[PDB]
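# Working through the structure, step by step
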Amino acid sequence: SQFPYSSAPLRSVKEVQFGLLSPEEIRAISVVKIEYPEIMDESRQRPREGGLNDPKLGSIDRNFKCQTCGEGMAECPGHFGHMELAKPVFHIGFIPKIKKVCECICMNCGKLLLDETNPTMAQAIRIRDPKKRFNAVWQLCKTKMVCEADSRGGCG
Amino acid sequence: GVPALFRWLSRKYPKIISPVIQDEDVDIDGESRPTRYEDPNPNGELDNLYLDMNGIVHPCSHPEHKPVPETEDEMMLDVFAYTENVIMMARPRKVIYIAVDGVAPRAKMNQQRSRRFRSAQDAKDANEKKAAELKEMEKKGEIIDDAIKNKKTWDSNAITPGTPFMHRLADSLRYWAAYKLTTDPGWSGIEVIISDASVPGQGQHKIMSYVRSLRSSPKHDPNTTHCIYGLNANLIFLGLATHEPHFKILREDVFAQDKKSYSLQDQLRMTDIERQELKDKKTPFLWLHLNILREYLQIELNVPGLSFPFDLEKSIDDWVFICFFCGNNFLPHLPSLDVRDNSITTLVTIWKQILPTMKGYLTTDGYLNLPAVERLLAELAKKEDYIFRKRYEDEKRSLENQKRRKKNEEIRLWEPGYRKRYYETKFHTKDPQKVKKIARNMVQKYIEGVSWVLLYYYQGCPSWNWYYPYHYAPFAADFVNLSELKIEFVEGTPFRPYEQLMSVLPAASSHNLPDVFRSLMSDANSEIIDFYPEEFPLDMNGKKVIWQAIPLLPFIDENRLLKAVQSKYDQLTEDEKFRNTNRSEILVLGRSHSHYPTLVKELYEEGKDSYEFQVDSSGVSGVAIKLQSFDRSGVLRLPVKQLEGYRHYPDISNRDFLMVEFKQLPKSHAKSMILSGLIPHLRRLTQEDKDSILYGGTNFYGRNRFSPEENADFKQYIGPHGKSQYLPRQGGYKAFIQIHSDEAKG
Amino acid sequence: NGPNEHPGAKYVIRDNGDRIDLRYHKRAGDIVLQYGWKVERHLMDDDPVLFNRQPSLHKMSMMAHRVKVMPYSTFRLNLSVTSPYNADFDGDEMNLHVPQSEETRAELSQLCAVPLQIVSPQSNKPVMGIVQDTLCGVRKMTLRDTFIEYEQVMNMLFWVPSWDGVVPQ
Amino acid sequence: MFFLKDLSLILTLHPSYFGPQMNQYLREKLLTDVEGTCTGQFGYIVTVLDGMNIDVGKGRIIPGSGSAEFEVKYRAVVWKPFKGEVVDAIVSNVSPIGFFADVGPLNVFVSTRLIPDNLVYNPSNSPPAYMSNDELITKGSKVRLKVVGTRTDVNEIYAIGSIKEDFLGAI
Amino acid sequence: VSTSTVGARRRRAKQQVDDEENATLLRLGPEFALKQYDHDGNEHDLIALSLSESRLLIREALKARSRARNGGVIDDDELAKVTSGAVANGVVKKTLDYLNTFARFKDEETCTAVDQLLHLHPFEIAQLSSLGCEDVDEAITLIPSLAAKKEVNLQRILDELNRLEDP
Amino acid sequence: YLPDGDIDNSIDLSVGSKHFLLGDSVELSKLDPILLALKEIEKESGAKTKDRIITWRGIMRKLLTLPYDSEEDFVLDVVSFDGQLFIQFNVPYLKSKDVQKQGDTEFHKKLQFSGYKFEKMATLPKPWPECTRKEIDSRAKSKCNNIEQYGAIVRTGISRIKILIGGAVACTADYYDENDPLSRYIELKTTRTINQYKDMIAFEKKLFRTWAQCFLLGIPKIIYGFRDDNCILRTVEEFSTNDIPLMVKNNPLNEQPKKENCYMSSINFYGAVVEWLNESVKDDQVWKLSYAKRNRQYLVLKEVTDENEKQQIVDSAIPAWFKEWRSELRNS
Amino acid sequence: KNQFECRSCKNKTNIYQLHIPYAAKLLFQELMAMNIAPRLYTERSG
RNA sequence: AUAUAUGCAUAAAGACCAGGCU
Ligand SMILES: [Mg+2]
Ligand SMILES: [Zn+2]
Ligand SMILES: [Zn+2]
């Protein structure tokens with residue numbers, strides 16, 4: 001009850017939804033773009049604008065308040081930024097799973113090697129749980145090694 | 001950086017300073033609503049607003065950081081915009097008093113002359129260095145436009161009554177007031193009083209005199225609320241002299257105003273988009289409430305153990321007198337009491353140490369009590385040994401720290417018998433009898449000067465001819481046998497605008513002054529050539545600021561200066577003679593105002609020469625006189641050439657407003673006490689600062705931020721909360737009912 | 001009384017949440033409390049506190065006790081609660097937690113209280129019993145050839161808190 | 001403009017008011033805190049209907065605080081501005097930079113750019129007015145406008161209107 | 001502060017463009033859509049109140065509040081004084097002063113006749129029973145809802161509005 | 001003029017009681033000023049007035065306050081002259097009252113002087129802007145008496161009856177209003193400090209009495225200085241004459257003592273008694289009305305038939321100059 | 001100044017407040033930094 | 001017109017390594 005009063009209603013978390021952050025969402029939630037390698041300007045405080053310690057990111061000291069939320073370090077939860085990459089980079093935690101996807105879809109038309117015509121694939125589709133459904137699809141589609149031209153839209 | 005005399009009241013009274021609710025500006029896309037006047041003021045309702053117009057026109061004549069406007073039409077438009085913003089921020093609903101500093105009295109004349117001389121000198125040095133740099137980079141190949149070569153720096157000495165610029169400013173202010181009254185639906189019930197530079201007086205003095213004249217009417221409402229806008233901090237002590245609790249001061253913000261120094265490159269070649277951004281940069285403002293200050297001083301000054309009943313009004317008067325004694329423009333500060341406001345910190349405690357023993361108050365309705373101030377100064381002299389020891393110890397400790405980390409003066413005040421050596425250092429006289437006589441005369445003149453200063457802000461100007469004939473002041477123990485001294489004043493007559501123009505303007509800033517008197521500064525055969533030397537000595541007295549040093553100058557001789565001035569009235573034209581006269585205030589009244597039909601009937605219909613007001617709808621009081629030059633069938637045009645995109649001003653017909661000559665009520669001996677029927681504001685101090693200002697409980701805990709945002713409401717604490725003059729207390733019937741109703745409920 | 005003298009208080013919480021420190025408040029002798037305020041008083045007698053020894057193998061290793069303020073710097077324990085805590089007095093260190101709300105005080109008093117934990121659900125048998133010297137003592141006390149004179153009987157009867165005041169034949 | 005809406009409010013009741021008259025106290029809180037307010041999603045709230053016997057439901061005891069939370073569902077009448085909707089109004093202030101008009105509690109501002117060139121402001125008129133050939137708009141005169149913008153500050157709604165279309169003007 | 005029955009509408013991968021409000025395109029936003037939900041969650045049509053209907057419902061609500069508070073006892077000032085709170089009182093007097101002067105049908109018999117006559121987007125009937133209409137051209141010029149209906153018959157309905165209802 | 005500083009300073013009210021001056025009851029109760037002002041209004045009017053009963057304020061105050069606050073006996077003489085009514089205190093009753101008052105110990109005179117001292121201390125002889133500092137700080141060093149006074153004569157009406165009421169006015173708010181003098185008038189009274197229910201009841205009774213006193217002259221505002229048993233001004237507060245009945249009835253501590261408001265019935269009784277006097281006395285008649293302890297149910301009125309008693313009552317009631325001026329007016 | 005805004009969803013009204021451990025806040029921020037989006041919803045979609 | 005600023009009365013190192021305690 002020591003927090004300052006807020007007009008927003010207070011409740012409790014009832015559901016937690018997990019997922020991946022899309023690049024559009026990452027750009028939207030960000031408040032500043034980080035592009036300058038340097039930290040200080042000429043070593044007289046006043047950190048670099050757009051650097052790793054931009055004042056818009058947040059406030060960690062009572063001398064300067066946050067430039068985005070306007071509160072001190074006791075209330076500001078911190079604000080995220082975005083950094084654009086020149087080339088795409090793999091995710092180390094997603095190295096194997098992507099490869100598994102590479103064994104499921106075609107590398108030219110981006111289509112699955114098997115369709116609903118196959119009976120085993122048809123049964124594997126009806127699995128409600130995504131994890132075991134994906135496991136079954138990968139196990140069934142890793143055996144075939146050629147994209148079928150016929151149609152299913154395959155490139156042959 | 002916050003200045004002194006204001007940082008101290010931030011430290012000691014942090015709770016009176018409040019921020020301002022600026023505006024709302026644009027809400028919908030494209031153009032938006034202009035925030036019409038009739039909406040309630042979020043800062044609290046305000047009736048009377050008194051504007052110190054000189055403090056509005058001077059910084060928006062030469063901004064320090066904002067790039068300098070060119071020409072003078074843009075200057076007038078900028079003044080119009082700033083005044084409109086200030087009025088919309090304060091939102092007065094009864095009276096706007098536009099007061100411009102007129103002909104100053106003789107007491108301030110020496111300071112005025114020093115300030116004008118320094119302004120001319122450093123402006124000349126600055127433009128000489130600027131031209132040298134222009135030539136230097138011309139040798140480097142830089143291109144300079146004609147708007148920068150021929151156009152020199154604007155002379156700040158032009159802010160002086162009698163110059164054509166003041167006439168243009170007065171005409172522009174009259175036109176702007178008439179236009180605002182005739183086009184704004186929210187200004188229908190407002191009377192605008194203009195007291196331009198033609199009217200003798202000085203700004204805040206005119207405001208104080210008007211408030212005093214208002215208080216002299218028995219029908220005056222004591223619940224009216226006043227506000228003063230001004231850059232001078234002394235107004236903080238001026239409002240407490242009015243003894244009107246519903247009082248406040250609007251000031252430019254100092255804490256949050258991160259003033260960044262800008263060079264000429266940040267003025268000349270910076271872009272027009274940034275020009276508009278700086279124009280639209282909402283400068284924060286501070287509300288400084290004086291009722292909260294009175295609440296603080298009611299508890300602070302309530303020292304126990306007194307042989308006489310405690311009166312908060314006389315204590316307020318004594319506190320204001322001490323504050324004026326510590327520092328004022330008319331008299332130089334004492335040698336002992338120095339480092340500005342810390343002196344105020346000292347004497348008050350001295351007063352607290354001497355009040356129980358003394359039987360009488362220091363001042364009574366602006367009149368000094370000689371024995372009381374004499375014993376106060378005697379105790380100050382007794383402590384002068386410790387004060388001099390402390391300040392010289394601070395100086396020597398600064399010298400030691402500097403050593404560790406890295407007219408001839410040489411007085412050495414730490415040695416005994418420093419008074420005589422200081423006397424021959426400042427006077428070059430070794431005769432003990434002459435030194436004693438000079439010291440006695442200086443003491444008598446300084447007593448007369450503090451009396452003059454205290455009467456000036458309390459009972460009007462007592463003498464327009466008095467002036468301090470020295471450059472320094474004696475120490476406290478020189479003030480002995482003060483009851484024997486006699487003080488007398490002669491009212492005299494205020495000087496003509498041309499006389500003050502002669503007195504304060506230098507020889508290097510005579511372009512604005514008419515060519516008739518130019519030979520009185522330029523010709524070497526002139527009999528008054530000696531009052532304007534090219535260079536003058538400066539006595540530092542020990543400091544580092546250039547202009548804070550003593551400006552050693554030949555004192556003006558009044559008699560022959562007068563003779564020279566009156567020897568050359570026959571060469572002036574009709575307009576120059578009309579600019580060399582003193583007139584009365586101007587009252588401007590709307591067509592839809594309730595007082596308009598009555599004034600028209602009593603002036604332009606009944607043929608009467610004068611009409612008496614007393615209390616009216618707008619709360620003014622005085623005498624209205626028909627003004628001959630005002631033709632009702634004419635058209636009032638803007639005296640300023642219109643620039644691009646500055647809110648095009650149409651031509652105002654004279655049938656839509658009335659302009660009359662205004663006089664105040666006859667002068668009377670004003671008392672220092674609250675009127676009957678006053679409704680106190682809602683109590684704002686709650687059992688924390690009340691004992692913090694008394695004991696050491698959370699008083700020295702330094703919170704070095706002092707941001708005014710900690711209150712952020714300042715709304716219910718403005719108007720006269722309640723409907724009873726006397727608050728419930730002890731065993732009154734209504735109080736009894738209230739307290740037992742509360743007890744039954746809880 | 002102040003924070004330096006027991007019993008006393010440390011802080012005074014206003015209705016709006018402002019805190020007054022009694023250490024720096026030297027004029028606390030003439031302060032009045034308002035209804036709805038909170039006073040952070042010292043730990044008094046009969047205050048339920050959680051009391052724990054690590055590692056906590058089972059629920060009996062963390063129980064609610066009643067505070068008795070005593071001199072010296074060691075926690076005092078009954079000898080019968082050492083076995084559920086699996087503790088001895090050769091240098092053991094134990095922890096104490098103070099609830100800060102009425103609901104959690106009631107929860108500790110009605111759920112985690114020591115008397116409610118005498119019988120454990122692991123083997124439907126008690127986990128606290130008469131141990132160490134007392135046990136040996138009763139073996140030397142209830143022997144057939146043990147006889148007590150009148151004065152010692154009166155002293156022992158008075159030593160019983162739950163004695164009914166009737167001397168048996 | 002006037003719409004009928006279904007609203008729900010969460011009300012917190014202190015334990016000090018846990019008495020037999022708590023239903024009436026909750027009703028009084030609802031009456032105080034609904035009418036006269038404005039919201040971004042719903043607009044200005046005009047008033048509530050059938051509030052004498054509204055169902056307050058059962059309270060929710062907040063753990064650790066002891067206050068009771070009530071979810072009150074009710075039927076109310078509200079007022080919300082619309083883009084492009086024409087409406088009749090009575091004007092209040094007339095200025096060269098524009099003039100205001102009142103539609104219920106809402107103030108709609110019409111800028112000078114949005115008046116046809118036939119109407120001309122004149123300060124000499126009593127009261128000051130926009131006049132034209134057989135056209136007169138003083139203070140307090142009935143006018144027709146079309147909303148061309150709305151913006152919300154949670155507490156209030158601000159709108160701008162235009163009279164630059166056919167069959168729009170004073171009536 | 002207050003909430004309605006319609007909610008949820010969490011974030012989706014693809015954003016929606018048709019979000020801004022415009023009465024010319026007959027778009028009212030998610031809050032005031034064609035179908036709303038009652039206490040039990042059943043689908044119901046949007047309820048639009050015309051100025052005469054709004055006047056009747058406000059008078060009924062104020063008289064019900066007077067019955068609840070005073071207990072069985074006419075003027076706009078009295079109805080404004082029925083409620084409490086400075087903001088609420090100001091809002092209610094402002095809306096009553098706006099509504100009484102611009103109410104086309106101020107009597108209950110004409111209100112009942114309009115009910116019947118009215119007996120189609122509710123915004124259309126609200127705007128027809130809200131603002132004065134005398135000609136087909138001005139009716140379609142003021143708001144384009146009547147311009148494109150494909151079953152217009154504005155002649156007969158406007159003749160009814162001018163003669164059967166209050167001219 | 002009285003700021004909060006005077007209240008905070010605990011101004012004593014019993015100081016100077018040794019040299020307090022008293023006025024004669026007969027001289028102060030005479031109708032000389034009212035009859036005189038009648039003489040000027042008659043001279044500069046030229047025709048007889050429309051008033052019916054001519055009297056002081058205190059007589060009607062007591063006669064209206066009687067039904068509910070009746071701890072004082074009164075006998076009054078009524079003279080019907082030229083169609084007008086003159087009401088005065090009975091001269092034998094005046095001397096009996098003086099005799100019984102001469103032995104009233106010292107507490108009652110102490111309270112009376114405390115009230116007069118509060119009146120002297122709370123007011124100024126001139127408006128505040130025209131007053132000096134000597135005339136403000138010397139209020140406590142002045143002389144207090146009841147002879148020195150200022151009064152107003154006001155025409156009031158009730159039912160179909162016109163009354164010319166003379167009454168003393170303590171002071172005015174800030175200035176004299178020529179448009180409506182009665183709007184700025186103000187009355188000052190002193191009561192003991194309130195500390196319990198008995199004090200509440202006593203103060204409500206005093207409030208009803210002084211409201212009856214003040215409402216006759218139409219004075220809107222009243223001021224009350226509450227003092228302790230040491231005659232020290234403890235507090236001060238304001239009241240409005242029109243607002244007294246509503247706040248008295250709607251008292252949170254005692255919301256329902258009585259379903260019958262005393263004020264409305266007091267007005268009704270005043271109307272009944274004034275019409276009773278209107279059509280109970282004929283022309284050229286002298287009557288005596290009375291109320292004492294023994295009745296407690298009714299007021300007694302009798303007609304005097306003694307020639308000597310009637311002549312002496314007329315002589316002691318109406319001065320010779322008024323009679324001769326009336327005769328001159330009748331002749332002219 | 002009582003201003004709540006969400007840049008991504010252009011929201012200013014449907015915003016709630018929660019009381020959570022600071023370690024939970026740090027964990028959620030780190031998960032966001034690792035391209036994982038844990039969304040806290042106060043209502044059950046069902 | 002003010003007047004310069006020449007001033008600041010609490011900030012919280014954390015991460016690893018080694019040796020012991022029950
Ligand atoms: Mg062990
Ligand atoms: Zn932040
Ligand atoms: Zn393929």
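Above this note sits the structure.
What comes next concerns the included structure.

What counts as what
Residues numbered from 1 in each chain as written, not as in the entry; some residues may be left out. Chains lettered and ligands numbered in written order. Part of a larger assembly, values for the part shown. Heavy atoms only, no water. Helix = DSSP H or I, 4+ residues; strand = E, 2+ residues; numbered from the N terminus. Rg over C-alpha atoms; globule rule 2.2 N^0.38 Å. Buried < 20%, exposed > 50% of the residue type's maximum accessible area, 1.4 Å probe, protein only. Areas by Shrake-Rupley, 256 points an atom, 1.4 Å probe, with all protein chains shown as cover. Pairing = 2+ DSSP bridges. Donors = N, O, S within 2.8 Å, 3.2 Å for Na, K, Ca; no water. Tetrahedral: all angles 85-135°; square planar, octahedral: opposite > 155°, others 65-115°. Contact = heavy atoms within 4.5 Å. Buried area = accessible area lost by both parts, 1.4 Å probe. Salt bridge = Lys/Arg side-chain N within 4 Å of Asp/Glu carboxyl O. Polar contact = N/O pair within 3.5 Å; in protein donor to acceptor, adjacent residues only side chain to side chain. Nonpolar A, V, L, I, M, F, W, Y, C, P; charged D, E, K, R; others polar. Patch = residues over 30% accessible without salt bridge, like charges linked within 9 Å, V, L, I, M, F, W, Y side chains within 5 Å. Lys, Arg positive; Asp, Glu negative; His and termini not counted. Charge placed at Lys NZ, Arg CZ, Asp CG, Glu CD. Near = heavy atom within 4 Å. Axes fitted to C-alpha atoms, helices over the stretch in contact; angles between N-to-C directions. Parallel < 35°, antiparallel > 145°, perpendicular 65-115°, else oblique. Left-handed = near helix turned anticlockwise from the far one by under 90°. Expected span 1.5 Å × (residues − 1). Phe/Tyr/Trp six-rings, centres within 6.5 Å; stacked < 30°, edge-to-face > 60°. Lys NZ or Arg CZ within 6 Å of the ring centre and 35° of its normal.

### Remarks on the overall build of chain B
- Assigned secondary structure in chain B consists of 23 helices and 15 strands.
- Relative to the globule expectation of 27 Å for 746 residues, the C-alpha radius of gyration of chain B, 28 Å, shows essentially globular dimensions.
- Projected onto its principal axes, the C-alpha coordinates of chain B cover approximately 90 × 75 × 55 Å.
- By the burial criterion, 52% of the 746 residues in chain B qualify as buried.
- When the accessible surface of chain B is summed, it comes to about 35,500 Å², and 51% of that surface belongs to carbon and sulfur atoms.

### A short note on the pairing of strand 6 (residues 86–95) of chain D
Residue and element names in this part refer to chain D.
- A large share of strand 6 lies buried, amounting to 8 of its 10 residues.
- Summarising the sheet, strand 6 and strand 12 (residues 142–152) pair through 5 bridges and their orientation is antiparallel. Its bridge partner lying in strand 12, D88 is registered against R144.
- The hairpin turn running from strand 6 into strand 7 (residues 98–103), its antiparallel successor, is 2 residues long.

### Some remarks on the coordination of the magnesium ion (ligand 1)
Residues and elements named next belong to chain C.
- Protein coordination of the magnesium ion (ligand 1) is provided by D88 (OD), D90 (OD) and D92 (OD), with donor distances spanning 2.1 to 2.5 Å.
- The motif formed by the donor residues of the magnesium ion (ligand 1), counted along the single chain, is D-x1-D-x1-D.
- Classification of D88 as partly exposed rests on a relative accessible area of 39%.
- For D90, a relative accessible area of 61% puts it in the exposed group.

### Focus on the coordination of the zinc ion (ligand 2)
Residue and element names in this part refer to chain A.
- At this site the zinc ion (ligand 2) is bound by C66 (SG), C69 (SG), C76 (SG) and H79 (NE2), with donor distances of 2.1 to 2.3 Å.
- Around the zinc ion (ligand 2), the 4 donor atoms are arranged such that angles at the metal cover 88 to 131°; this shape is classified as tetrahedral.
- Going along the chain, you hit the donors of the zinc ion (ligand 2) in the pattern C-x2-C-x6-C-x2-H.
- When its relative accessible area of 7% is taken as the criterion, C76 is described as buried.

### Some words on the interface of chain F and chain B
- With 33 residues of chain F at the interface, the matching set in chain B holds 32 residues.
- Counting the surface lost from both chain F and chain B, the interface buries some 3,100 Å², and carbon and sulfur atoms represent 61% of this.
- For chain F, the biggest contributors to the area lost against chain B are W128, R133 and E238 of chain F; these three give 23% of the whole.
- Here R729 of chain B makes a salt bridge to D4 of chain F, at a shortest N to O gap of 3.5 Å.
- Where chain F meets chain B, there are 9 residue pairs in polar contact.
- Of all the secondary structure elements, the ones that give two or more residues to the side of chain F that touches chain B are helix 1 (4–8), helix 8 (197–215) and strand 9 (233–240) of chain F.
- By residue number, the principal contributor to the side of chain F that touches chain B is strand 9 of chain F, which donates 6 residues.
- Looking at the side of chain F that touches chain B, its residues break down into 19 nonpolar, 6 polar and 8 charged.

### Regarding the environment of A76 of chain D
Residue and element names in this part refer to chain D.
- By secondary structure assignment, the location of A76 is in strand 5 (residues 68–79).
- Sequence separation between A76 and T47 is 29 residues, and the spatial gap between their C-alpha atoms is 6.0 Å.
- With residues up to four places along the chain from it excluded, the contact list for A76 reads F3, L4, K5, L7, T47 and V48.

### Topic: the pairing of strand 2 (residues 46–52) of chain B
Residue and element names in this part refer to chain B.
- Burial analysis of strand 2 places 6 of its 7 residues in the buried class, which makes it a mostly covered element.
- Here 6 bridges tie strand 2 to strand 3 (residues 92–99), and the two strands are oriented parallel to one another. In the sheet register, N48 faces strand 3, and the bridge partner there is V95.
- Here 4 bridges tie strand 2 to strand 5 (residues 226–229), and the two strands are oriented parallel to one another. Bridge pairing in strand 5 places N48 opposite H226.

### A short note on a negative patch on the surface
- Together, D122, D125, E128, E534 and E535 of chain B line one region of the surface with negative charge.
- By secondary structure assignment, the location of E535 of chain B is in the loop between helix 18 (519–522) and helix 19 (558–566).

### Overview of the protein's contact with RNA strand H
- Around RNA strand H, a shell composed of 28 residues is seen, among which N54, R115, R116 and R340 of chain B together with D92 of chain C lie nearest.
- Protein-proximal atoms of RNA strand H, defined as those within 4 Å of the protein, fall in sugar or phosphate at a share of 55%.
- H58 of chain B places a side-chain nitrogen or oxygen 3.5 Å from a base nitrogen of RNA strand H.
- If you tally residues by element for the surface near RNA strand H, the top one is helix 4 (residues 106–139) of chain B, at 4 residues.
- Across the surface near RNA strand H, the residue classes tally to 7 nonpolar, 11 polar and 10 charged.

### Notes on the pattern of salt bridges
Residues and elements named next belong to chain C.
- Counted under the stated rule, the structure contains 71 salt bridges over all chains.
- Of the charged contacts in the structure, one is a salt bridge between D46 and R66, with a shortest N-O distance of 3.0 Å. In this pair, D46 is assigned in the loop between strand 3 (38–41) and strand 4 (48–52) and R66 in strand 5 (residues 62–66), connecting sequence segments 20 residues apart.
- Look at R66 and you get exposed, because its relative accessible area is 63%.

### Here's the deal with the arrangement of the chains
- Counting contacts across all 10 pairs of chains that touch, the top pair turns out to be chains D and E.
- With respect to C-alpha atoms, chain C approaches chain F no nearer than 23 Å, and the pair has no contact.
- Regarding chain B and chain G, which are not in contact, the minimum distance between any of their C-alpha atoms is 10 Å.

### Remarks on the side chain of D101 of chain B
All names here are of chain B.
- Summarising the element assignment, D101 is placed in the loop between strand 3 and helix 4.
- Buried and unpaired, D101 has no salt bridge, with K206 as the nearest side chain of opposite charge at 6.6 Å.
- With near-sequence residues (within four places) excluded, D101 lies in contact with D52, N54, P161, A197, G201, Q202, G203 and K206.

### Some thoughts on the sheet that holds strand 11 (residues 135–137) of chain D
All names here are of chain D.
- An order of 9-10-11 is seen for the 3 strands of this open sheet, with the pairing classed as antiparallel. With partners counted over all chains shown, the strands left at the sheet margins are strand 9 (120–122) and strand 11, one partner each. The mean angle between the axes of side-by-side strands here comes to 25°, regardless of whether they run parallel or antiparallel.
- Sheet topology places strand 10 (residues 129–132) next to strand 11; 3 bridges connect them, and they run antiparallel. Across the sheet, residue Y130 finds its bridge partner in strand 11, namely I137.

### Overview of the packing of helix 23 (residues 733–745) of chain B against helix 8 of chain F
- Interhelical geometry of helix 23 of chain B versus helix 8 of chain F gives an angle of 140° and a closest axis separation of 11 Å. The orientation of helix 23 of chain B relative to helix 8 of chain F falls into the category oblique. As helix 23 of chain B packs across helix 8 of chain F, the resulting crossing turns out to be left-handed. Taking contact as the criterion, the partners of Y733, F736 and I737 of chain B in helix 23 of chain B are, on helix 8 of chain F, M200, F203 and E204 of chain F.
- Considering only residue class, the contact of helix 23 of chain B with helix 8 of chain F consists of 5 nonpolar, no polar and 1 charged.

### Focus: the interface of chain D and chain E
- Listed as interface residues are 45 residues of chain D and, on the opposing side, 44 residues of chain E.
- Summed over both partners, the interface of chain D with chain E buries about 4,200 Å², with 66% contributed by carbon and sulfur atoms.
- Of the charged contacts in the structure, one is a salt bridge between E35 of chain D and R65 of chain E, with a shortest N-O distance of 3.2 Å.
- Counting the contacts that link chain D with chain E gives 14 residue pairs in polar contact.
- Counting residues per element, the ones that place at least two in the side of chain D that touches chain E are strand 1 (2–13), helix 1 (22–34), strand 3 (43–48), strand 5, strand 6, strand 7 and strand 12 of chain D.
- By residue number, the principal contributor to the side of chain D that touches chain E is strand 1 of chain D, which donates 8 residues.
- Of the residues in the side of chain D that touches chain E, the class split is 24 nonpolar, 7 polar and 14 charged.

### Digging into helix 1 of chain D
- Helix length check: helix 1 of chain D (13 residues) gives 18 Å between terminal C-alpha atoms against 18 Å at 1.5 Å per residue, within 8%.
- Of the surrounding elements, those touching the buried residues of helix 1 of chain D are strand 1, strand 3 and strand 5 of chain D together with helix 1 (51–69) of chain E.

### Describing the environment of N53 of chain A
Residues and elements named next belong to chain A.
- Summarising the element assignment, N53 is placed in the loop between helix 1 (23–29) and helix 2 (95–102).
- Under the relative-accessibility criterion, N53 is labelled partly exposed at 48%.
- In this structure, the C-alpha to C-alpha distance between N53 and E38, residues 15 residues apart in sequence, is 9.7 Å.
- In this structure, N53 is in contact with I39 and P47, ignoring residues within four places of it in sequence.

### Digging into the packing of aromatic side chains
Residues and elements named next belong to chain B.
- On inspection of all chains with the given rule, the structure shows 75 aromatic pairs over all chains.
- Ring plane angle 70° and centroid distance 6.1 Å describe the contact between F325 and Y446, whose orientation is recorded as edge-to-face.
- Overall, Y446 belongs to the buried group, its relative accessible area being 1%.
- Taking NZ or CZ as reference, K108 lies 6.0 Å from the ring centre of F330, over its face.

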